[PDB]
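Ideal geometry is used to build each Cβ from the backbone, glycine not excepted, and the neighbour counts take in all protein chains shown. Where a number appears in this text, it was derived from the coordinates with a stated rule and is not lab data.
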Amino acid sequence: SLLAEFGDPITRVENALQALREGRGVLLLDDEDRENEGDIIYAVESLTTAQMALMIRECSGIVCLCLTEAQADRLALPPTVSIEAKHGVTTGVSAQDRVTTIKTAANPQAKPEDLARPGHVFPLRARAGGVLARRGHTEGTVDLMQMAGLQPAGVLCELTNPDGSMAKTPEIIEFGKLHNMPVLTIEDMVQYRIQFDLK
Amino acid sequence: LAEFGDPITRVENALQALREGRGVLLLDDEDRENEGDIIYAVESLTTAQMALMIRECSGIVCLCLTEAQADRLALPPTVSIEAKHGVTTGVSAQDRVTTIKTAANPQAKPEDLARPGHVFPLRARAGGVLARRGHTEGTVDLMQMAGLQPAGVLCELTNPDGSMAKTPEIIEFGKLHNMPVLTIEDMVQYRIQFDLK
């Protein structure tokens, strides 16, 4: 309903995947309900300091790194977890330092000793099966990267209005227009995967 | 930094701002490379103050507690907490304030909080900055020195480009927002001048 003007569910997914392939962000909701809160999602593959600075300044600041089970295992993460790059940072909290931690953690060549614990980035493991197993934003983030053909890691953070209230669907739509970020839902992603990923 | 006064004045002005319900900015010492934090008293914390921290700071807002209060909450001797009641998704400015008030309540019980959550509590060492020169200790000490509920919130100030605000930029922010700036060293010197028998 509230998103129909922006394409049917599969079209909304396709537009989001293309934005990610072009290095741009997307906005993710559970479904079309007017009371949902939403997250900015960026691909790790193309993540820049400027994107992270925007995410921190527009969102809750509790930036989460969504990883596959295999990648989290590579880092020896437990099966709140927080991480910092051991090298290449100063105090860890700046936009640039968080990007360094994120790239270090998501690198398929990473070793546990590349990271210190605790830190300022919060990694989360996506369940096997993605949104077809668990309709979480962690699964949504990793699935979008895989569906787009990108490094299977993304960052997410909750969009927060300047007055401190959380952006709901109507305010998410307006942010997506202001920043040219496609809006899609987990429900849309399920519909896409049921159509294209099943025998 | 001396635009904020001599070191004793810097402490007195910070204490008075907190008594008035306003925030302050804290650095380790006068060195130009230090990065600074906004501090607010829990006793007077508002949604608008929390909203400012989320807009201006890292967003990883920490709640600094006494050892006694952390023991009352059964916190471990990253920890995150959420109010069990009175919140929705926990992340809005209002919900974080609810969690903070619930956690800092002198009559709190462990089950008043869920874990994990969106507020990050830290235990101040007994003795405050005279035992450990951390910003957690600085926060709790300021509240005690000001005669307030001994709990405060802390978050690292950013610059508009996403870098962290260092001393020169902290000084300019304090002027713009009428927030006193002080250092841990200022606090140590003050407490040794005035807090010892």
Net charge near B:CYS155 (other residues with Cβ under 9 Å of its Cβ; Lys, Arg +1; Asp, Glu -1) is -3
Dividing the surface of the Cα convex hull of segment A:1-56 by four yields a projected area in nm² of 4.3 nm²
Among beta bridges assigned by DSSP with both residues in chain B, the antiparallel ones amount in percent, to the nearest 5, to 70 percent
Rounded to the nearest Å, the spacing of the alpha-carbon centers of segment A:141-199 and segment A:9-26 is 8 Å
A student applying the Cα gyration tensor rule (rounded when a/c is under 1.5; otherwise prolate if a/b is larger than b/c, oblate if not) would label chain B oblate
Pseudo-spin-label distance B:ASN178 to A:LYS86, built 7 Å along Cα→Cβ, given in nm, is 5.0 nm
B:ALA103 neighbourhood, Cβ < 13 Å, K/R = +1, D/E = -1, net charge +2
1/(1 + (r/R0)^6) with r = Cβ-Cβ of B:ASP195 and A:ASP33, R0 = 41 Å, i.e. FRET efficiency to nearest 0.05, evaluates to 0.15
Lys and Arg at +1, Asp and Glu at -1: neighbours of B:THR136 with Cβ under 9 Å from its Cβ sum to +2
Close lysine pairs (the protein assembly as shown; alpha-carbon distance under 17 Å; 8 or more apart or on separate chains) counted at 8
Two pseudo-spin positions, 7 Å from Cα along C-beta at A:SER165 and at A:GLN146, lie apart in nanometres by 3.7 nm
Residues A:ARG57, B:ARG22, A:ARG34 in order from fewest to most other beta-carbon atoms within 10 Å are A:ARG34, B:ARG22, A:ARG57
Expected sort for A:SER1, B:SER163 with the fewest Cβ neighbours (10 Å cutoff) up front is A:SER1, B:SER163
In terms of the alpha carbon gyration tensor, root eigenvalues a ≥ b ≥ c, rounded if a/c is under 1.5 and otherwise prolate when a/b exceeds b/c or oblate, segment B:115-197 is oblate
Gyration tensor on Cα atoms of the protein assembly as shown, a ≥ b ≥ c root eigenvalues, a/c under 1.5 rounded, else prolate if a/b beats b/c, else oblate, says prolate
